[PDB]
Structure formats: C-alpha cells, structure tokens
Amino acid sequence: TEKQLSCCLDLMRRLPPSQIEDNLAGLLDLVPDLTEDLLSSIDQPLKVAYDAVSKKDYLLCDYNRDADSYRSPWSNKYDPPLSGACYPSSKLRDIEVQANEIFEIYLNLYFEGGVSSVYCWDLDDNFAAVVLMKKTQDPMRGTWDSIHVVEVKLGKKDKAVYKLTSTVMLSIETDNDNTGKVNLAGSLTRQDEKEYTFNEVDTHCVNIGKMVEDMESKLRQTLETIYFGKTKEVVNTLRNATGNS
C-alpha cells in the first residue's frame, strides 16, 4: 500500500529519533504487510556482536540477517547457527573479504576506533553491499552510525555504475548544572550514482571506497551545519537574548 508506506516514512521523519527502535517495532505490529519495505527503508543505530571464531566484533543489521540469526563478515557463519540460510556466492564472498579488509583500514584512518562491517549479497550476475561504521565517544557523549548501501550494475566491459544511498545517524547528549539536560539526535541521507572502470587495479572495493569516502565527508559537513548551526539558529529566533531593545 503506497499510501501506508508513504505515511510510515513521513511519520518516522517526525517522531523522536531516540525512540526509533520502539517505534519501528510498533509500525511492524500496525502494518505487517510492510515488514520488508519498513525494515529496508528505515534505519536505526546498529548493535554490536562478537565473533568468537575470528575474535572480532561485527555489526548487526537487516542485511546480514536470516530468520533470527546474523552472519559474521569475518567467519561467514551465522549466530545462532541455522540451516538453509543465505550466504554470498563464492565469487562475491571473495569481494566481501577484500571489502571488509580495506574498510577496516578506512575505519582506522577516519575513526581511530569503533567497529566496521561490510556485507554483500548477490543480485543475479550483479551485486549490492552495505558498508557500516560505528563509533561512540565519551559529561558529554556521542554516537555515530554510518550505513552505505551500494548497488553495482555491471556494464558490458570494465565499466560499472555505482549507486549509493548513504545515511549517517548522529547523537550527542550532555547533562549539567548550567544547561540542564541537552539531547541532539537524528540522521541525514544523501544519494549519488557514478560510473567507473573496474580493473584489477581499480577493483570494485576501490570504487566503493572512493564513493564512500566522498559521501561520508560531505554528510559530515552537512551534519555539522545542521546540528550546531541550524538548530541554534532556530532557538535564537524563538528567543531574542538581547530583546527588542
């Protein structure tokens, strides 16, 4: 129902971001015939899991999920274990391993901590993937969650089009005797499509990294303008500190 999906998306853009988890579940209860679309177009902060085989942490999202289990990008195994699950094709898995390796580097360079995760899924002869970043800095605390869904459509010979839909979820919260309890929470999305020649030098992972880097660097500046400039601007039009004098 385009009408209901339309109202869900609009509703989620108005409701408090901090209650997104409870609110999304609520919608699923209200309109289960939209469970797939909802789980797909509405994002929220991701939970961290531990891969005991690889001795590394990984991110949980609807992209590495099958039933109630989650696939680890490092071991390619599900937890809890289950039969009949979905795994990337042999060739796509090789790309997934390379992707996870470079983005963990990207993580080190742009976050200096946190956790990363990339999951790929076959789309016939084509494929798509999600690049995930999560970082929490520590009274004043903040949390950053990045999700980049990349869609790759091979184009005849050595040239492919990369479609990117990126979302960054950012929250900062402080509570003191000067300002009282202050909470900033939300997210911003931006898209970008681009064609690239992919070789053994300019691999898909390379083309995805360039697009992810540019996109996340642009969202960063927009986040900064809005979170610390636009909101401030609004408050100051609600209350004129110097007063009409």
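The first residue of the shown sequence is 1; numbering continues from there.
Deposited sequence between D138 and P139: 4 to 9 residues lack coordinates.
Taking the mean C-alpha B-factor of each stretch as recorded, 65-73 and 172-180 are not equal, and the higher mean is that of 172-180.
For the segment pair 201-209 and 183-191, the entry gives 201-209 the higher mean B-factor, averaged over Cα atoms. In the deposited coordinates, the residue among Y87, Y162, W144, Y78 with the greatest CA B-factor is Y162. Which of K157, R93, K134, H148 has the largest Cα B-factor in the deposited entry comes down to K157.
Remark: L39 belongs to the highest third of its chain, ranked by C-alpha B-factor as recorded. The PDB entry assigns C120 a C-alpha temperature factor belonging to the lowest third of its chain's modelled residues. When all modelled residues of the chain are sorted by CA temperature factor, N126 is found within the highest third. Placement of the Cα temperature factor of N108 within the chain: highest third of the modelled residues, per the deposited record. In the deposited entry, the Cα temperature factor of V152 places it in the highest third of its chain's modelled residues.
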